[PDB]
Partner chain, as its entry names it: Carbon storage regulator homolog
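Take a look at this single chain, the form deposited without the partner chain, given in structure tokens.
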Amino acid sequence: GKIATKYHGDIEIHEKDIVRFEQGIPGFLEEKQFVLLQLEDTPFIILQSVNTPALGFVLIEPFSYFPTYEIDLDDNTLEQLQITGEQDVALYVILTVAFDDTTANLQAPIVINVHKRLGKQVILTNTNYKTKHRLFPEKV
């Protein structure tokens, strides 16, 4: 199919490219189909809705900015994403771009079972992670 996008103009996509979010994303419970679009030659990846051109979240791989970031997925999350055995899992965090005052949501990363093409925004428990971590400490 052919879709319009927030940052990429009109593009062709294939069913193979679509990541299904069976629960949508919080605040967007009805948005169950996304594609991942690199920007390009930047580290940013857009989580672009296949049904709503204006909905595109700005993602980064978190170790770009937070080298000590560490995540543990619980069983119920593995079951909801049907993650078993040798299947591969991709990990991202959503950026709120303010480039100076930007924050990343480390509490609630985007987790994708690439092989089953399923995703979810996972809410981490019993961590010190917050929904806004500054990319740049205020000291610089």
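We call the rigid core the largest set of C-alpha positions that still match within 1.5 Å between the two forms. Residue numbers count along the first chain shown, from 1. Only residues modelled in both forms are compared.
Missing here is the form deposited with the partner chain bound; even so, the following discussion is about that form.
Interface residue among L36, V89, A108, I71, judged by heavy atoms within 4.5 Å of the partner chain in the deposited bound form: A108. For the candidate spot formed by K6, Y65 and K132, every residue has a non-hydrogen atom within 4.5 angstroms of the partner chain in the deposited bound form.
In the deposited bound form, the partner chain stays beyond 4.5 Å of every heavy atom belonging to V19. Proximity of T103 to the partner chain in the deposited bound form: non-hydrogen atoms within 4.5 Å are present. Put simply, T52 is far from the partner chain in the deposited bound form: not one heavy atom of it is within 4.5 Å.
The closest heavy atom approach of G85 to the partner chain in the deposited bound form falls outside 4.5 Å. Interface residues of 79-116, taken as those with a heavy atom within 4.5 Å of the partner chain in the deposited bound form (partner not displayed): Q80, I94, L95, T96, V97, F99, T102, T103, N105, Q107, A108, in sequence order.
No residue in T77, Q87, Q33, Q107 other than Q87 shows a CA shift of 2 angstroms or more between this form and the one not shown after fitting the rigid core.
Compared with the form shown here, the C-alpha atoms of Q87 and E22 sit at least 3 Å farther apart in the deposited bound form. Taking the core as fixed, the only part between this form and the one not shown where three or more residues in a row have CA shifts of 2 Å or more is 85-87.
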